[PDB]
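Novice: One structure, pasted below without further comment.
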Amino acid sequence: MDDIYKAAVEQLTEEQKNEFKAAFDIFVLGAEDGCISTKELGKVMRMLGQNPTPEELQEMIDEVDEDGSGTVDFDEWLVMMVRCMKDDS
Amino acid sequence: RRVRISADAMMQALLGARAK
Ligand SMILES: [Ca+2]
């Protein structure tokens, strides 16, 4: 019953869904398997100008997992956005 | 009634998407 995530995805635009595919690639640019690891995601935050603890991302990916494989997919990425805007737990 | 999170940041990595 995550309407917030259902509507958030719909409210999106052709540009958003299109750009969502670019970011995923930029994140897994070096990844061989093709998955964004907690370390990979954080590596981008470091060059951005911040320094988010590795305990946050790790716990985040797990909290935003569909099957709990420990990897964020194009789908889990779309929900990760709203999950933060409506983070309660 | 709120504003989207700071996601545009990563959008600027590629070059500058939705920078404004
Ligand atoms: Ca998963």
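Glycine is treated like the rest: Cβ placed from N, Cα and C.
Dumping what Swiss-Prot says about this protein:
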type	residues	note
MOD_RES	A:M1	N-acetylmethionine
DOMAIN	A:16-51	domain 'EF-hand 1'
BINDING	A:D65, A:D67, A:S69, A:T71, A:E76	Ca(2+) 1 binding site
Novice: Which recorded positions from the set A:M1, A:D65, A:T71 have a C-beta atom lying less than 6 Å away from ligand 1?
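Specialist: Those recorded positions that pass the cut-off, since their Cβ is under 6 Å from ligand 1, are A:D65, A:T71.
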Novice: Please list residues from the chain of A:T71 (Ca(2+) 1 binding site) whose Cβ is under 8 angstroms from its Cβ, counting only those at least six apart in sequence.
Specialist: A:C35, A:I36, A:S37, A:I61, A:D65
Novice: Please work out the number of neighbouring Cβ atoms within 10 Å of the Cβ of the residue listed as 'N-acetylmethionine', leaving out its own Cβ.
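Specialist: I count 5 other Cβ atoms within 10 Å of it.
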Novice: Taking just the CA atoms, what is the gap between A:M1 (N-acetylmethionine) and A:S69 (Ca(2+) 1 binding site) in Å?
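Specialist: So the Cα of A:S69 (Ca(2+) 1 binding site) lies 22 Å away from that of A:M1 (N-acetylmethionine).
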Novice: Count, for each of the binding-site residues A:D65, A:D67, A:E76, the other C-beta atoms lying within 10 angstroms of its own C-beta, and report the residue with the smallest count.
Specialist: A:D67
Novice: Other than A:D65, A:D67, A:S69, A:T71, A:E76 themselves, what residues in this chain have Cβ atoms within 8 Å of the centroid of the Ca(2+) 1 site's Cβ atoms?
Specialist: A:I61, A:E66, A:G68, A:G70, A:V72, A:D73
